[PDB]
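This is the structure alone, sequence omitted:
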């Protein structure tokens, strides 16, 4: 599929921003769930509003027309719904509509044809019935991996573009369940904690790259899939992160060779939860949340903007295989033109005696509890 | 009042040091409470001891004589005691004396005339009656906003120069109490918490400055007062802080223009508490705590130094207006000439076998609980 | 003793790495306990494996032969076992052997002659009887200061090179027990906590060095010993740490002069606990944990490597004197040649759809609880 390279780079792009944001934290995300939600969103959007997005999903528009893109997506999504039988792989892109919404059909058609979208009809005014209906469609799409994707749901909520992906794949070679031997994880420069560490001896597709100063191990799944890992060298984690490319990835994919090794790889369950707004904004994708937000391509009546862009992604690893899930969530409610200035982020301020123009106090609010 | 510019800059000076000290914390202080305490203190002090201070309250002594300064203070303090009636504004500079103190009258006169000072007579030897008496005079001066300004009170405590300011002012336009809508505060690059966010739509004195890369909103009070706020731009908080000046402030004060806006500004109650010694020291104000400390200008019998320089400042904001308070505290007890070296800050050390001069151990104490 | 300079520098070397690793933490270690363990270990080791070590204990091998080194150690250790009577000083270097171990006698002899080593015979297969036996020999060697040196003990544990040092020395001048006056410790740039601060006025060997921008105080012990302290100047702690040398230390040792001072020095009990592997590795000492690990010089049957290099060092200070203790621990179990790659440190990884080579997920595991 012709679009894959861009996705890869967008995954690297997007990963980078998340680590650039917090070194001291766990990271896991679905580049696909995200980009899809947004390409699938890009349809209701037009002009320079829309352009930002797809140059920010790492696409070169002075090269590929819009048509050739959305085809690629369509193809890929399809591919994933029909794997080998031993490999469980689903994806669903449901679109929940407020009851009483005057739509455009050009949009309506397009997301149904190209993005297998499912439209449902919910009362956002009954917000805690709306939360249920939506957390229903996720907590089954993800087959019960992700449930609480919507914790706060606006009543003024127009619609909600929702996306999910479910993965469950068993290993090429399961691990010894009795050989799962609790061990030390050297967490930071400084600290150490106990994990259920799985150990196995055998012949492994693994190599060191001078370029990435890392060990690159591949673990083929039962079916048509592969997890790739990277043991950075001592103090090379950031150098590694720095240096990842699609083509480097491709090179590794094809390396068929194996060799003897003793491997220790831990049993774990992790989550990444995100409001991406900030993050994405950094990728150039700012207009679509704002009051210059072009959502004409969805409906006439009312003028909207994209409220919160929320991703959540869990992962879980054990001897037999992997459980992995991604899940987008784009809320939109009525845009209001009248310009908006909210001090919902840390800020400064004085207080001045009018007559003599002298500061009584000054300060910076950085948090109101407890400070 | 001719001295205001210097105060402003001292407020910026002093603010800067507090943020330079801890980004990751809340900030609120009264530039006035502080400077006053210290100008009012500068009176008992002489020569190069004294000079440090006022060059450190941001005054140019090769320009303004001492006379012209203390007049300015006197005037200002006065101004503040008699505002518009709708605007509550008090200040008091009480000076608590140990029973049995031989004073100088030149000093005694000066702080009574110029700084409306009130002198009281307390037994520092009965320390927890001394704590009460002083926390009495504050927790009413601040009308019950600040109470625990003295948590640890030396028995060898000679006197205590105390300062307070109380502010209570209602808005130009109160906010909708039913429109106070709990919302998300994006606290750090990383984290998010729920505040009571006040929202109102109307015509606001607000502008963006290229220079400060911030939004500058003014909210006039009932009476003769104005609070100024600053929404830094994305990642401009430090650039903003960097760039603030008196004249820039003045420029904004006069901008009368208003315009349409939707504003979200949160309901909060914050405190800043400080031992300033360190901080101030950085402003050049070091001699006055030390054994070169010139407190002759107060009394003959005994030779003193300034023990702890303590500021505390609370603030509180809601729909109708603002409650804000500042409070200094300068403790002095008997200086002791005999040079002093205290390892009360983190330090290094070895242990050596005398005969062979070999290190048995080495270390750095950085804290004795738990380490 | 000719080797002392190197130890000093190794102590500085090693200290530096520990602070370079975590500013925000307490530091205390025995340069001697460590180096001894390792010189005493170096005996079972040969060639380039062995060389790394002693160039990393700060020795110049293109200058001093191996003979001249191990003599020095022998001499020093001896010296320490027979001090002045008023000064309690012991050291023991016990070596615990698995029952059924075919040894080399060249090694056996050498560590008995040169390093007063004591060999014992333990069943590592009964691991929690092994833990006892070893924590026995430490928690008496250290006369009950250090007890839990072995919290996790491998069953496949071959042997354990163990080292200890016990110190108890009373002051030149005890402090006033009734003059121990709780006070403020300014811990960080930012925070403050209460310590039992000992205070005394008298004549103290103390000086300021332009070079180290610190106060350098010596406190002679009852007997043949001296503790040295360093009050860095404001913000000079790192400059101080930077600049320490053996010769500078020597210069200070000899300064006999005293003078009047008021000193405040706190009552405390601190510990430093370490797995040194990382740290030491940085000093060039990497081969000996690895699969190129040359432990032929110990036994024939089986091929081993050094599993965990563990130091723990407590300290305690009060009016009368000091309790101080160091304790090494080098575990070795069967090396396994077959190359080893363990993701027991934070790492990256993708998951790829084989057919289209597109990233489903990506991530970085940095900790599996809670993330």
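Received, thanks. Numbering: from 1, shown residues only, chains lettered A, B, ... in the order given.

could you measure residue A:147 against residue A:140, distance?
Plainly put, residue A:147 is 10 Å away from residue A:140 if you go by C-beta to C-beta, to the nearest Å. For the C-beta atoms, the positions are set from N, CA and C on the backbone; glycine is no exception.

just residue A:270 next, same as before
To residue A:140, residue A:270 is 22 Å away according to C-beta to C-beta.

thought residue A:200 was touching residue A:180?
No. At 9.7 Å, residue A:200 does not count as touching residue A:180 under the criterion of C-beta atoms under 8 Å.

so what's residue A:43 up against?
By C-beta atoms under 8 Å, 6 or more residues apart in numbering or on different chains, the contact list for residue A:43 reads A:70, A:107, A:110, A:111, A:114, A:115, A:297.

List the contacts of residue A:279.
Contacts of residue A:279 by C-beta under 8 Å, 6+ apart are A:14, A:17, A:18, A:21.

re earlier: for residue A:270 and residue A:140, indicate the residue with more neighbours.
Comparing residue A:270 with residue A:140 by other C-beta atoms under 10 Å in any protein chain shown, the one with more neighbours is residue A:270, at 21 against 15.

wait, doesn't the more buried one sit right on residue C:368?
Yes. Residue A:270 lies in contact with residue C:368 (C-beta under 8 Å); the separation is 6.0 Å.

And the residue of the stretch 101-250 of chain A closest to chain B?
residue A:152 (8.1 Å; C-beta to the nearest C-beta).

Give me the neighbour count for that residue.
Counted with other C-beta under 10 Å, residue A:152 comes out at 13.

what about it, is that helix, strand or coil?
Here residue A:152 is coil, with the state taken from DSSP: H, G, I helix; E, B strand; the rest coil.

quick one: it and residue C:33, what's the gap?
57 Å.

next one: phi and psi at the residue lying closest to residue A:237 once chain neighbours are set aside?
Among residues not flanking residue A:237 along the chain, residue C:346 sits closest, at 6.5 Å (C-beta to C-beta, 6 or more residues apart in numbering or on different chains). With angles defined as degrees, to the nearest 10, residue C:346 sits at phi -40, psi 140.

Quick check: residue C:346 touching residue C:363?
No. Counting by C-beta under 8 Å, residue C:346 sits too far from residue C:363 to count as a contact (10.8 Å).

quick one, which of the two is more surrounded?
Using other C-beta under 10 Å as the criterion, residue C:346 and residue C:363 rank with residue C:363 on top: 23 against 19.

mind checking the backbone torsions on that one?
Dihedral pair for residue C:363: phi -180, psi 170, per degrees, to the nearest 10.

and it, what is it in contact with?
Contact partners of residue C:363, counting by C-beta under 8 Å, 6+ apart, are A:26, A:27, A:28, A:29, A:270, A:272, A:315, C:348, C:349.

so what's the backbone phi/psi at the spatially closest residue to it that is not a sequence neighbour?
Closest residue in space to residue C:363, ignoring its immediate chain neighbours: residue A:28 at 3.8 Å, by C-beta to C-beta, 6+ apart. The phi/psi pair for residue A:28 (degrees, to the nearest 10) reads phi -160, psi 130.

Stretch A:94-101: which residues count as buried?
Within stretch A:94-101, the residues scored as buried using 16 or more other C-beta atoms under 10 Å in any protein chain shown are A:94, A:95, A:96, A:97, A:98.

Backbone dihedrals for the fourth one, both of them.
When you say that, I think you mean residue A:97. phi -110, psi 140.

go on, the first one?
Comment: the main-chain dihedrals of residue A:94 come out as phi -80, psi 150, following degrees, to the nearest 10.

Let me see the ranges of the helices in the stretch 251-371 of chain A.
Taking DSSP state H, counting those that start in this stretch as the criterion, the stretch 251-371 of chain A carries its helices at A:277-281.

So stretch A:154-172, near chain B or not?
No. Under the criterion of C-beta under 8 Å from any C-beta of the partner chain, stretch A:154-172 makes no contact with chain B; the nearest approach is 10.9 Å.

picking up where we left off before, for the contacts of residue C:363, which one is nearest residue C:185?
Comparing those against residue C:185 with C-beta to C-beta places residue A:26 closest, at 35.2 Å.

number of nearby residues for the closest one?
Per other C-beta under 10 Å, the neighbour tally for residue A:26 reads 20.
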